[PDB]
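For reference, the structure is listed below as structure tokens.
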2 protein chains.
Amino acid sequence: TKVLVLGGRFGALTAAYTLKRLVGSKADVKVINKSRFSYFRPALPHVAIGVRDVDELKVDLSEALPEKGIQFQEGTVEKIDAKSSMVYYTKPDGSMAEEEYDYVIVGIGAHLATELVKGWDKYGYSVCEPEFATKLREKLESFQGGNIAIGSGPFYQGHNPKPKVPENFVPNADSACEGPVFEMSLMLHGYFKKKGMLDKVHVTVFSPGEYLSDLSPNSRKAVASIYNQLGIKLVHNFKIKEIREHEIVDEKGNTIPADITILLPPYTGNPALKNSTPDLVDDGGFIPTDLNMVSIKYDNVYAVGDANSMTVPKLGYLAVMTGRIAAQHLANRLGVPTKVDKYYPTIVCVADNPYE
Amino acid sequence: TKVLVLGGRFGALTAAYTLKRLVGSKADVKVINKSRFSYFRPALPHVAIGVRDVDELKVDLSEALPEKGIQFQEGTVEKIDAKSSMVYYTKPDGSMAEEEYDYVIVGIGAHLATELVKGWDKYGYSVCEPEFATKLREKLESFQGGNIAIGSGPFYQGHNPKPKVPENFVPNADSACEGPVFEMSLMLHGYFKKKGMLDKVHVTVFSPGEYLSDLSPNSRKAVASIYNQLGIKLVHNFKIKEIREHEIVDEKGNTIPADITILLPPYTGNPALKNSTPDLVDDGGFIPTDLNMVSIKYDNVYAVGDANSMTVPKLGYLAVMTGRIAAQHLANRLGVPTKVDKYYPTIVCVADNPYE
Ligand SMILES: *Cc1cc2c(cc1C)nc1c(=O)[nH]c(=O)nc-1n2C[C@H](O)[C@H](O)[C@H](O)COP(=O)(O)OP(=O)(O)OC[C@H]1O[C@@H](n2cnc3c(N)ncnc32)[C@H](O)[C@@H]1O
Ligand SMILES: *Cc1cc2c(cc1C)nc1c(=O)[nH]c(=O)nc-1n2C[C@H](O)[C@H](O)[C@H](O)COP(=O)(O)OP(=O)(O)OC[C@H]1O[C@@H](n2cnc3c(N)ncnc32)[C@H](O)[C@@H]1O
């Protein structure tokens, strides 16, 4: 039995390791990732005064994986042909390979559509880009004063076909990961407060839809009250279209002053999935599955983490959860009786609570 | 300067210790508590198979306090005369005393109105009573099968006068502490599942109002979906009036089958506060204050924790937060310049998230 695991982070690594440990030699587990190394840092930076806390885990998939009985091949997936059970990918040398599988576990995540933001190239500061968070660190340090805009881009969620899960297990969100925006807004305030710059710095928070939609209206009004107290402005229904040197523009031509723009780019499906068997994916480019992580159309395709339709918000712990379930269910299929954990929707993002 | 601190738990102890450490000899800090000992266990029990995890902190206020420069007097407060700045209390020997204060910090919490529940005496199982949680442990162990009802009583929240705080800082809730209900329902399911009793045991969860009101409607529907998957019934708008041997009755005559009733009693104001200077307290029996924890009517009265109007939900960490703010603000008043922390509403209970 040959099992291909696509990607190299939360969803992929969890599924690979979990699967190999469960079935051992009953299957060949091979991982295909677009890069040799996978990095794991802290979600949000440590904006402290004169104190920079570096902390990253750097995994070499080529050495870390074989060490566990898992083969590794570096390559960029271009599409999956679910009908013939083939994965097409470009190898480092530029050559195009097409390999077949008995089972595939898709963990290549989603896509941060920075390309949908005019001026991102020249003026953007991303919170989700590796060392892009270093460029921000420096700018925030040398900042004399002015306007700061922090927020996220729209979530191009897919809707059809629908995952085969219980009702209300998948929320509809305008933003894929909004919690980090709240936390960062509070941090930026504390940082500038410690520098006696509250009067020189003006923070605006923007949301593609209603801010923190998992909360009740009162809880949302309460968050708005905190912002008001802290001197933070809130702009709802602002779908970013462009970033200029001193302002940001939405889809309707409206503007927000911003000398520094901190953006969580819009989320769209992974291009490789958009270019796969049309009926494997929904209209967003995500793979709808059942509670066992098995595609609703192809019984030998598993989707984990961000790549799966049901993971809303797009959380790393849901990635780990899904990666584990996919591996347990498959193990049972390969003749190794295993308990398959039950999937749960998150209900609410704990970062909504300021005491967190 | 004489500072009386009423009560002996989260709010009181935090304020006393914080105050004494900040002002030292600049003031006499005396604590008056209805008991000599204060116990601190874990919020929710550990219902494991064959594994009972005992873990409690037992504080002897008479020895622990003096050791920190804080005097201690055991007595049950009967009322506070804010006009004359007197605290009336009954001593253990039955005698009545009254001491004048320059400042008072009220940390006597609220009241669990079990008396409002007919049959509580003979058939109730409380989650908030010390060793009452031991009586439940045994019953749940010897349970052969049947119906279990778990939920909370209504919250008799006060509304006027209103705390002097920013808009939306105080939510209106039908339940004072509902999160523990969700967690316990999930635990009970896991416990009976491990005993292969899911078919023999039927759990119903009841709410005085909506069910986790800090969440959006979808998030609430999602929690309802989880219950449906787990075979747990949910009954909204059920304000408990009576407990019989095999069922519970609400205020409208409706019933829920229950051979075991696990209830978080209704919350009402502390009787001693209901019997105090009428204009010190709101219509619920709680003390409305500003963000510094100072009463809106008497500038030398502080309210912390559950006793304060703004603490909704009624959380121990909000008690600690308020206890600390009251102490810092007072210290400044006593000539010891101190930073006064900013109070924040909780926004959402993290227990709403099943992955928590
Ligand atoms: C951006 C962010 C995310 C976040 C967060 C804060 C920020 C700023 N805070 C979080 C938190 O507090 N708690 C939590 O649980 N999650 C939090 N998140 C989200 C987390 O980053 C994501 O949910 C998580 O990373 C999802 O993991 P998944 O494993 O599903 O996906 P991924 O990390 O994007 O990894 C993708 C892997 O696939 C490889 N890849 C991508 N495309 C290809 C192609 N074409 N071919 C081959 N491999 C591919 C990537 O290289 C990567 O290895
Ligand atoms: C019941 C409960 C509470 C709870 C929880 C789960 C359960 C089942 N889980 C929590 C959680 O996960 N996180 C959290 O932060 N809080 C949680 N809670 C709530 C917590 O129990 C309360 O919010 C907290 O106890 C509030 O503390 P506070 O100090 O404000 O009040 P208190 O603990 O009731 O203490 C009252 C003290 O005052 C004395 N007292 C009472 N009446 C008198 C009179 N008349 N005279 C003198 N002293 C009096 C009491 O003896 C006690 O010392």
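Values in this text are rule-based calculations from the coordinates and carry no lab data. Virtual Cβ from ideal backbone geometry, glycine too; neighbours counted across all protein chains shown.
Side notes on the structure shown:
- For region B:157-219, the Kirkwood radius over C-alpha pairs fed into Stokes-Einstein at 37 °C and 0.692 mPa s yields D = 224 µm² per second.
- Most fluctuating residue given options B:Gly323, B:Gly231, B:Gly209, as computed from a GNM of chain B linking Cα atoms under 10 Å: B:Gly231
- Crossing angle, helix A:179-194 versus chain A [Cα axis fit, 0-90 degrees, rounded to tens]: 40 degrees
- Among the residues of A:224-231, the average count of other protein chain beta-carbon atoms within 10 Å of the residue beta-carbon is 4.
- Summing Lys and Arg as +1 and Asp and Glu as -1 over all other residues whose Cβ lies under 12 Å from the Cβ of B:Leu112 gives a net charge of -2.
- Partner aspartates and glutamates for A:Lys239 [C-alpha distance under 12 Å; skip if fewer than 8 residues away on the same chain]: A:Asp174, A:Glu210, A:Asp250, A:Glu251
- Under 5 Å between amide hydrogens, built in the peptide plane, is the criterion, and for A:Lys2 it picks out A:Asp28, A:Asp102, A:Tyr103 among residues at least 5 positions away or on other chains.
- Helix A:316-333 axis, angle to chain A major axis (alpha carbon atoms, nearest 10°): 10 degrees
- Cα-Cα separations in region B:215-265 greater than 18 Å, expressed as whole percent: 43 percent
- Listed by chain and number, the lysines whose C-alpha is less than 21 Å from the C-alpha of A:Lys68, apart from same-chain residues fewer than 8 away, are A:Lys2, A:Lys20, A:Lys26, A:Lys30, A:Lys34, A:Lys58.
- Over chain A, DSSP H runs of length four or greater, each weighted -39,500 (n - 2.57), average out per residue to a 222 nm ellipticity of -7000 deg cm²/dmol.
- Here is how far apart the B:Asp299 label points are across copies: 7.9 nm, shortest first, using a point 7 Å from Cα toward Cβ.
- Considering only A:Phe192, A:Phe182, A:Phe143, the mean-square fluctuation computed in a Gaussian network model of chain A, springs between alpha carbons under 10 angstrom, is largest for A:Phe143.
- Per-peptide packing, taken as the mean over residues of other Cβ atoms within 10 Å, places A:104-112, B:279-287, A:36-44 in the sequence A:104-112, B:279-287, A:36-44 from highest down.
- Pairwise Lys count, region A:82-225 - Cα closer than 22 Å, eight or more residues apart or different chains: 14
- If you run the Gaussian network model on chain B, springs between alpha carbon atoms under 10 Å, then out of B:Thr277, B:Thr76, B:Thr114 the most flexible one is B:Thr277.
- 3J(HN,Hα) couplings calculated from phi for region A:40-49 with the Karplus curve 6.51 cos²θ - 1.76 cosθ + 1.60 (θ = phi - 60°) are, in sequence order, 10, 10, x, 2, 10, x, 10, 7, 10, 7 Hz; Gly and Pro show x.
- Using the Cβ of A:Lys68 as centre and a radius below 10 Å, the other residues enclosed give a net charge of +1, where K and R count +1 and D and E count -1.
- In loop segments of region B:223-255 as defined by DSSP, the trypsin sites (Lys or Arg not before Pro) with at most 16 further C-beta atoms inside 10 Å of their C-beta are B:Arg244, B:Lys252.
- Partner chain coverage, peptide B:169-176 - average Cβ within 10 angstrom: 2
- Averaged over peptide A:336-349, the number of partner chain Cβ atoms lying within 10 Å of each residue's Cβ comes to 5.
- Compared with the alpha-carbon gap, the fully stretched path from B:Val336 to B:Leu198 is longer by 43.7 nm at 0.36 nm per residue.
- Of every Cα-Cα pair in chain A, the percent that sits beyond 38 Å: 21 percent
- Database remark: amide H of A:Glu247 closer than 5 angstrom to the amide H of A:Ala258 (H placed geometrically; neighbours at sequence offset of 5 or more, or on other chains; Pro and chain starts carry no H).
- Stretchable slack from B:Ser62 to B:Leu116, in nm (0.36 nm times residue separation minus alpha-carbon distance): 16.1 nm
- In degrees, nearest ten, helix B:10-23 long axis to first principal axis of chain B (Cα): 30 degrees
- Note on region A:219-356: Cα-only Rg and Dmax are 20.0, 61 Å.
- The percentage of C-alpha pairs in the protein assembly as shown whose separation is greater than 50 Å is 23%.
- Net +/- balance of residues flanking A:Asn218 in space, Cβ distance below 14 Å, scoring K and R +1, D and E -1: -4
- Across region A:293-305, rounded Karplus estimates of 3J(HN,Hα) from the backbone phi angles (6.51 cos²θ - 1.76 cosθ + 1.60, θ = phi - 60°) give 6, 8, 3, 5, 10, 10, 4, 10, 10, 10, 10, 10, x Hz, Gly and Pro being marked x.
- Diffusion coefficient, µm² s⁻¹, Stokes-Einstein with Kirkwood Rh over alpha-carbon pairs of region A:114-264 at 25 °C and 0.890 mPa s: 150 µm²/s
- Per-residue Karplus couplings for region A:141-152, computed as 6.51 cos²θ - 1.76 cosθ + 1.60 with θ equal to phi - 60°, are listed in order as 6, 7, 5, 7, x, x, 9, 10, 10, 10, x, 10 Hz, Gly and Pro entered as x.
- Amide proton proximity set for B:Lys79, modelled H, under 5 Å, gap of 5+: B:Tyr88
- Applying 1/(1 + (r/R0)^6) with r as the Cβ-Cβ distance of A:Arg52 and B:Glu356 and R0 = 25 angstrom yields a FRET efficiency of 0.25.
- Cleavage-rule hits (trypsin sites (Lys or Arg not before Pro)) in region A:167-198: DSSP loop, at most 16 neighbouring Cβ within 10 angstrom: A:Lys195
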